[PDB]
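Residue numbers (the entry's author numbering), protein chains in the order written: chain CR, 11 to 108; chain CE, 2 to 182; chain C7, 9 to 52; chain CP, 1 to 141; chain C5, 36 to 65.
Only one structure is covered here, and it is reproduced in the block below.
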Amino acid sequence: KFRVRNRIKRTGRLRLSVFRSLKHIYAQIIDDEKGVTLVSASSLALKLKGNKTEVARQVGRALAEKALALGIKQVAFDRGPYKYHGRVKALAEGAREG
Amino acid sequence: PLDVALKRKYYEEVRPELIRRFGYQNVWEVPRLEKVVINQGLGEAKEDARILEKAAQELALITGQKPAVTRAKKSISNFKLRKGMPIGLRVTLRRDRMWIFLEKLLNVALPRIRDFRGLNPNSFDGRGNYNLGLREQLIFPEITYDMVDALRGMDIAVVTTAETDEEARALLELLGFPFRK
Amino acid sequence: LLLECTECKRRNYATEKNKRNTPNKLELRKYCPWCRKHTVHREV
Amino acid sequence: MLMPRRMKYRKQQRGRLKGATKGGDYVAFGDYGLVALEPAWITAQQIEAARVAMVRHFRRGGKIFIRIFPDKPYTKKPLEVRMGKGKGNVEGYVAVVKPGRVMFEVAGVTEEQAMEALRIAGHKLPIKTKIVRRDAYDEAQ
Amino acid sequence: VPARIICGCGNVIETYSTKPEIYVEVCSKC
RNA sequence: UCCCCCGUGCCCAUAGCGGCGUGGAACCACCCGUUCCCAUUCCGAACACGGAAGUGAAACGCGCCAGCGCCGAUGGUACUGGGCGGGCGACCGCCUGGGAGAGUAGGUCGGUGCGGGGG
RNA sequence: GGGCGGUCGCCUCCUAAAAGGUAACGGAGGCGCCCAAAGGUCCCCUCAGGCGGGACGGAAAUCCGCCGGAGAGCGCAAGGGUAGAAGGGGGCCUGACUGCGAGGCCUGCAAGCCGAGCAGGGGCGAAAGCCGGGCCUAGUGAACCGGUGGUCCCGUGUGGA
RNA sequence: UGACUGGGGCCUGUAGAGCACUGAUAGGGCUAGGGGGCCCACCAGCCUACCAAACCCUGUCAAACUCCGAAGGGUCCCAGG
RNA sequence: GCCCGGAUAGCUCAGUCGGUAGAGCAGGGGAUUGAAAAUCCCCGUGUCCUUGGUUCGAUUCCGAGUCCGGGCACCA
């Protein structure tokens, strides 16, 4: 298996989860303990382009505008099998830094 | 180098003959080749200063791909070496490179095998996929007669998507695998 | 083996342990001093 | 004699004898059995004298089942020594037997000879015995 | 690179390897 | 409100192994490539990137099944806080509050939050 | 009884009667080291066994395919713990920091242990963050008297010695 | 605020029991090796109320074994006292 | 801890008061005799520990590192 679950290395609140599918890319801001999503956005499942990495940034900036609107400032970055590369949401706005 | 005889003359001959011979439902339900992996092994990390990636590049000629060194785990104090630091020598061939090797192997190698009569029939003996080994390195075409310090052998293993060793026994004899049934 | 570590070009010590045969000779390693903040330190 | 061929440790503690048997209390192997009334440690040389007697009596006979094992070691200090200086040497092996344990069994012999051979055994044993048949010993479901 | 094998039994097989000039005494034709 | 699929938590096997049916419009995966970012002790196998000719074969989702696995009473005992006996002693019995483990009847191929896409 | 013999500090398990503690010249083992990578961090990877199948090849040299939640591994004793890593592989490193330390475990004394957090100046990471040696529990010795290297201190009328 | 007692919440591995782990175990089944008869040394072949692994069935044992496990005991809160 | 000597052929050791690398023994080929020895001819063999430097170059001469060998003290 890809056990992975570095996501287990989350202490000090507010998780920005990312999902990379062969066609698409999705993301939801989660408050655990409660067990509840607060904010979201997706790839063409949000109605959008047919590219890849360009599309990523777009969904990113999307998530940003919506979150700050609710009063949410800072978080922590995910993707389980990340390998932080390519399809990155290197977006302004959200205060999770980097 | 993008399409060879075994490549072509698999899709345009051997492919359909098996959907007939066995009646499949899917292009994926038919047997394919996955992979061919050769291993030398030897055991010559001894005295007299032992180089022998010297003999890992002469293996890289015949195959075209450069091999990785494989190391040791236990310790045969009975017949020398231990720990790690050793000799075993290996390479994994997938597609194109795969057929190119098999190509010359079937056309030129097994023919060159001093006596020969055909490969052994049941080195599948059940578990799908097949295995054979060799004594000589010079039954190969691209390797010369005057560049040998010392002849040596290898263990060729050929993998398949097919479950039973019927489905496989077919697929290989059809691409030209000479059998001493 | 017992060992002491000097702030190249002044005072200071830190003090550790080398293994002579096993990786040793000319031990050098980067460290902080109260004297002039970091600083590269050698054996003695 | 009749001892274990391997043990984690060579000597062990003494321990008390609570009532009951916990298990071993229904016949389950042969036709006639021998059950215990008093608690005791039963030595190997007793079990043997009991075994050989059984067979002795009905020569060329049935089958005997020795449903107990001398798994426990016996310590004893050399003669005329004082106390302390650590535990004794191991001088033999015994089996813990409490009220209700079925110790022995025979099968495939005349009720006549069973009754008899079992009675002789009790004369080899340091406790009170009783003989038994094949009644409601049916722990099936 | 692409290559030609030249048998002592006349025949010419056309595959690839490295070094294209190959004298072989006998392929799968005897 | 009612279905289906994709993410993500709580329950901690009554969710598990193995069998047998299904599902591709949409999701998802496999698939097409290796120029490009990025990869291999050798391998685009894996990570990774650009694609959409094909397939639900593999993987995954959804059912149905009790062979193995898992859960499991009710009764009745074992043992026992406290009180009191019998015996000369290994040990055995009463009274009052507590009460197993094995084994039996039986139960199980899950339940349940938050958010997305589709009718 | 005393001698002859054995022992004298420290760690692990049992004796120990389901908190802690608990004796005997009661049963059974280990320590008086090691690591310049066996340490920090970031990114990867998963065992032992078993049955197939393969030139030299044993009964596991290395190769391939199924099955196998841990029985392998973690420098060395045993115990606890551990693959949702503490285990195996690489890249950059030196936090095997300085100045402190709220609050507790343990306890006759004196010792032994765990430690969040602030300041300084750093390492690895995109970030979240993690780092004040080592999966953990043995590898140890009060004061006294001296040795070496430094520094605000004292310096027998004053300066220095 | 005490001893002691009532009502709650944690913590625990004994008595008892059990065989999943470590070891021990009697009998039968199934079945590697080895002994030995049939027999040929060109190496095979068949049998054996022999000794016998691993595995399964029945039956059990253990301070330094535990899938399980009481009564009680420890502690904290609220009361009586 | 402090003060002296030393490393060169397989072994054990002699050297220019800077320009040469040499002995004995062992090992090896032959002469030899009743056997075993003792005679007698004949050859093999080097990073002079060691890195630096003086110097026209250095085995030697000097800084330094390393290990083997002596000598004399201290121990709370």
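Ideal Cβ placement from N, Cα and C applies to all residues, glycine included.
Inter-residue CB distance, residue i and residue j (contact presumed, cutoff 8 Å)
i, j, result
"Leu94 (chain CE)", "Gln66 (chain CE)", "6 Å"
"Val48 (chain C7)", "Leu36 (chain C7)", "7 Å"
"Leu173 (chain CE)", "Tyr131 (chain CE)", "6 Å"
"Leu37 (chain CP)", "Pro99 (chain CP)", "6 Å"
"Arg136 (chain CE)", "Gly154 (chain CE)", "5 Å"
"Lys87 (chain CP)", "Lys11 (chain CP)", "6 Å"
"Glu104 (chain CE)", "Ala6 (chain CE)", "6 Å"
"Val49 (chain CR)", "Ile39 (chain CR)", "4 Å"
"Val38 (chain CE)", "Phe102 (chain CE)", "At roughly 11 Å, the Cβ-Cβ gap does not stay under 8 Å, so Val38 (chain CE) and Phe102 (chain CE) are not in contact."
"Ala169 (chain CE)", "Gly129 (chain CE)", "5 Å"
"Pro32 (chain CE)", "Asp97 (chain CE)", "Not really, about 19 Å apart at Cβ, beyond 8 Å."
"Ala22 (chain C7)", "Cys16 (chain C7)", "Not a contact, Cβ separation roughly 12 Å."
"residue 2 (chain CR)", "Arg97 (chain CR)", "Since the displayed chain CR opens at 11 and closes at 108, residue 2 (chain CR) lies outside it and no answer follows."
"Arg67 (chain CP)", "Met103 (chain CP)", "6 Å"
Contact set between residue i and chain CE, taken where Cβ atoms lie within less than 8 Å
i, result
"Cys62 (chain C5)", "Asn108, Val109 and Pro112"
"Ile40 (chain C5)", "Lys105, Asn108, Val109 and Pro142"
Member of the options whose CA lies at the smallest distance from the CA of residue i
i, options, result
"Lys63 (chain CP)", "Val55 (chain CP), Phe69 (chain CP) and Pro70 (chain CP)", "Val55 (chain CP)"
"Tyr32 (chain CP)", "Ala136 (chain CP), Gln141 (chain CP) and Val132 (chain CP)", "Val132 (chain CP)"
"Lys19 (chain CR)", "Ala102 (chain CR), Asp88 (chain CR) and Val28 (chain CR)", "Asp88 (chain CR)"
"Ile77 (chain CE)", "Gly44 (chain CE), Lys36 (chain CE) and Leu135 (chain CE)", "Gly44 (chain CE)"
"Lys83 (chain CR)", "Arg97 (chain CR), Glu103 (chain CR), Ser52 (chain CR) and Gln68 (chain CR)", "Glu103 (chain CR)"
"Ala38 (chain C5)", "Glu56 (chain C5), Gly45 (chain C5) and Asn46 (chain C5)", "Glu56 (chain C5)"
"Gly90 (chain CR)", "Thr21 (chain CR), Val69 (chain CR) and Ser27 (chain CR)", "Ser27 (chain CR)"
"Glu75 (chain CR)", "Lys11 (chain CR), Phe12 (chain CR), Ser31 (chain CR) and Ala105 (chain CR)", "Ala105 (chain CR)"
"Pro126 (chain CP)", "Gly84 (chain CP), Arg82 (chain CP), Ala40 (chain CP) and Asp135 (chain CP)", "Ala40 (chain CP)"
"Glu105 (chain CP)", "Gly23 (chain CP), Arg5 (chain CP), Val27 (chain CP) and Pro4 (chain CP)", "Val27 (chain CP)"
"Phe178 (chain CE)", "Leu107 (chain CE), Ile52 (chain CE) and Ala69 (chain CE)", "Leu107 (chain CE)"
"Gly127 (chain CE)", "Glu167 (chain CE), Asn121 (chain CE) and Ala50 (chain CE)", "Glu167 (chain CE)"
"residue 1 (chain CE)", "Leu53 (chain CE), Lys55 (chain CE) and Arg91 (chain CE)", "The structure shown has nothing for residue 1 (chain CE), since chain CE only spans 2 to 182."
"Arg5 (chain CP)", "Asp135 (chain CP), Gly122 (chain CP), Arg82 (chain CP) and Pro73 (chain CP)", "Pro73 (chain CP)"
"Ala72 (chain CR)", "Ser52 (chain CR), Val85 (chain CR), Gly81 (chain CR) and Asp42 (chain CR)", "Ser52 (chain CR)"
"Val85 (chain CR)", "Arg23 (chain CR), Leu32 (chain CR) and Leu54 (chain CR)", "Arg23 (chain CR)"
"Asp42 (chain CR)", "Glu64 (chain CR), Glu107 (chain CR), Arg17 (chain CR) and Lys62 (chain CR)", "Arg17 (chain CR)"
"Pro70 (chain CP)", "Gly61 (chain CP), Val96 (chain CP) and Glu112 (chain CP)", "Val96 (chain CP)"
"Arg60 (chain CP)", "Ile120 (chain CP), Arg119 (chain CP), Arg14 (chain CP) and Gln113 (chain CP)", "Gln113 (chain CP)"
"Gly60 (chain CR)", "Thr21 (chain CR), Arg13 (chain CR) and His34 (chain CR)", "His34 (chain CR)"
"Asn121 (chain CE)", "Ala73 (chain CE), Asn79 (chain CE), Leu34 (chain CE) and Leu133 (chain CE)", "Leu133 (chain CE)"
Per-residue contacts from residue i into chain CE (C-beta, under 7 Å)
i, result
"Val59 (chain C5)", "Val109 and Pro142"
Under 9 Å from the C-beta of residue i: neighbouring residues of chain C5
i, result
"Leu62 (chain CE)", "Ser52, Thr53 and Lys54"
"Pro2 (chain CE)", "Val36, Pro37, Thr50 and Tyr51"
"residue 1 (chain CE)", "Residue 1 (chain CE) falls outside the range modelled here, since chain CE spans only 2 to 182, and no answer is possible."
"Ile101 (chain CE)", "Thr50, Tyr51 and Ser52"
"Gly65 (chain CE)", "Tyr51, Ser52 and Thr53"
* Report yes or no: do three or more beta-carbon pairs, one from the region 84–98 of chain CE and one from the region 13–30 of chain CE, lie closer than 8 Å? => no
* Asked: If you scan the region 2–39 of chain CE from start to end, which runs of the alpha helix (DSSP H) of 4 or more residues do you find wholly inside it?
  -> 6–10 and 16–23
* **Segment contact flag, the region 152–163 of chain CE with the region 6–14 of chain CE, C-beta cutoff 8 Å, min 3 pairs** => no
* Touching or not, the region 42–51 of chain CP and the region 39–54 of chain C5, by the rule of three or more beta carbon pairs under 8 Å? -> no
* Do the region 15–31 of chain CP and the region 82–95 of chain CP make contact, defined as three or more Cβ pairs closer than 8 Å? -> no
* Report the residue ranges of all beta strand (DSSP E) runs contained in full by the region 35–99 of chain CP; include only those spanning at least 3 residues, in chain order. => 40–43, 63–66, 72–76 and 89–97
* To do: Run through the region 35–74 of chain CE for me and flag every whole beta strand (DSSP E) of 3 or more residues, listed as ranges in chain order.
  => none
* Asked: For the region 71–98 of chain CE, which segments carrying the beta strand (DSSP E) assignment without a break, of at least 3 residues, lie completely within its bounds, in sequence order?
  -> 90–94
* Residue ranges of each beta strand (DSSP E) within the region 142–179 of chain CE, 3 or longer -> 155–161
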